[PDB]
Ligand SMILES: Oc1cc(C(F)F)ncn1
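One chain is shown next in structure tokens, namely the form deposited without this ligand.
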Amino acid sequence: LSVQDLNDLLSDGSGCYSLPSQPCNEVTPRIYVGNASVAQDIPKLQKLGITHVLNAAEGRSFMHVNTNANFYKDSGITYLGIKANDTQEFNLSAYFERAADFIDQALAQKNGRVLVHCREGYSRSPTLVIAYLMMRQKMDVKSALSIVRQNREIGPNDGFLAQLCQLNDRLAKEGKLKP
């Protein structure tokens, strides 16, 4: 398993990634991935039945989404923010466990649905969902990435892909990828 193998799963014949055609998509049952605009549109969130929002790009830069728990208080939506940067050197894997635990809490509610979003819904938030699928649903990285990519055009940066590969190797050795 290499980063290049994941690049290939994200790429077409000519070697190009694609770009999200919709502001958000349900990538696995009751888990949505989306962009900044959907995060900040509470009426649309309610029509989608979203009860829980994980902002994987929390902050005040043009690469972040400047929301917080208070933004969602009136709506009754439950919030967690992760201040991640979309760069190859950023250590997103430090947040995989707390992200996975938040997703699990959302899904434990009978009618719970979680939006995991960042600025573009392209790199940061899909990486967290792929890690959740590996850690909590026992899917190997290729099948987790492939199911998300089947449902939304994503492109985690190569640092995030490397982090997913390191996770996969560890979980495989521990015998934790046997669904």
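Note that residue numbering begins at 1 and tracks the sequence as displayed.
Beyond what is shown, the protein has a form solved in complex with this ligand; the following relates to that form.
The contact residue chosen from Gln46, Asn66, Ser37, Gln137 relative to this ligand in the deposited complex is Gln137, the criterion being a non-hydrogen atom within 4.5 angstroms.
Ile147 belongs to the set of residues with a heavy atom inside 4.5 Å of this ligand in the deposited complex.
In the deposited complex, at least one heavy atom of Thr28 sits within 4.5 Å of this ligand.
Taking the partner from the other structure, this ligand in the deposited complex has a heavy atom within 4.5 Å of a heavy atom of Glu153. Across the options 108 to 116, 28 to 36, 66 to 74, 46 to 54, residues that bring heavy atoms within 4.5 Å of this ligand in the deposited complex belong to 28 to 36.
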